[PDB]
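Provided below as structure tokens are two forms of one protein chain, presented individually as structure 1 and structure 2.
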Structure 1
């Protein structure tokens, strides 16, 4: 790891200042959700490190008081020119926090405001062990490991060594179902997403990818636990559900939600990490690999849906500059 080395440098420099006590992940768009696994990892595993996950806009208007020499700030920007994210790195450096930047473009303006820069694999055919989300997690595993010890580091590196094969085989495996999925939902206008736990970020991104295909109403990305309380999303609209079924410690919540939806006869596309072979990653760390699986399989489904859908030229279609 580049990350192992980076964190080792940071842990050395800040020792005299009282150590790393706080980690802040800061990004917008698809870079924000990509750090959700790092946030979930530190919340689950840490005893003496705090973690905060911020949109760049909220961070620079309302930075925490702990921002200082005992904080590390990890910023991400695919192209390295998001103005709010650059200001975050700058505000961090002016408070004496070391900044790690994550970017595809090493020339970018962002780089000039980072103490350390890490890049990632990108595009069709990429190695998943080196992708943006995995680098964000590796920052968290190395900060924990090098400050207080991480009981399951070797299981984790075992996981990193398996995820790429798992994902490539999963994408092949969903191909026929994706086609059928496309025919079944090509005439819907709105679809809900459901998820829980450390892969939720991937579901949130998928909810926005569906929105970008369907372009009608941006629907709620429902946490699985929330069906059992108060209102639930079953009405005369007959909206279908795109259901992220996780491996790991929140699988029991997901199963309870899936059974609920089944008792109401809903239309549900289930995408099950267990059915896609995640289960060879050990129980200790499998929660943290859900995101990399789903986020790299959903494009197969999204491509099929797009291709199954053609629009009259009388229908206005929208495009955006989306932040990877």
Structure 2
């Protein structure tokens, strides 16, 4: 478990000055999957630092605080990406404990980590166990076991709820997804829009899905960026909902074509407002496939 893994780390490093620095390092889909974890530590930590790196950049330009007071968390689906493996090696060379997240438990990556955690994956998976959620649980536990986390139980409550929310949401959007697919099957460019701890899910939707999967041009616009062609709009619940609302109003005043995917309409608010931020990504990242499958099958 993450709890136990972190316990072992906090123990192993206590005599070395403790855990002061957290680095999430991955490529591609796995990089975006750690954005909620970075957002969590940035919002919630008073002592711990957090950094999120592309694996290439990390191995070519490691931080000076990489050492015995750093924990490095690496992710690679197949446990094969050479740059992420090299990140783990470089971490261990500096005396930093390495947690690997992988689906393939005897991949090359496992050989260069101190701890390995796996996640649920594919159709039918339980969301409470998915990669993003393991990344978040690493952050939650690293916080809780170093400085304390005031909303630990609220977070675990959220973990116990998110699977049911997502399965229901996927059912709920299934009709709209059909219409969306009709209305957008000829578009060569679709923007995504998001903010806050869920931003990474919209970034994945642009890059991994529209561009790399469907040869549709895309960019992901932060909601705050409009002040200073259709839009696939991520309307979050929690502390940046007001940022998103302002952006949506703006877009509608230009009569843009906008597909709105609203966390509040999809039942996310059974999660307590103390932690709801951190569950936007898991909602959107597991709801978008309904829209994407429909889009692809209209083309």
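Residue numbers count along the first chain shown, from 1. Only residues modelled in both forms are compared. Basically, rigid core = biggest C-alpha set you can superpose within 1.5 Å across the two forms.
Just one of the listed positions, 153, 168, 211, 104, moves its Cα by at least 2 Å between structure 1 and structure 2 when the rigid core is held fixed, and it is 211. In the rigid-core superposition between structure 1 and structure 2, residue position residue 220 carries a C-alpha shift of 2.1 Å. Listed in sequence order, the runs of at least 3 residues with C-alpha movement of 2 Å or more between structure 1 and structure 2, after fitting the core, amount to a single one: 209-220.
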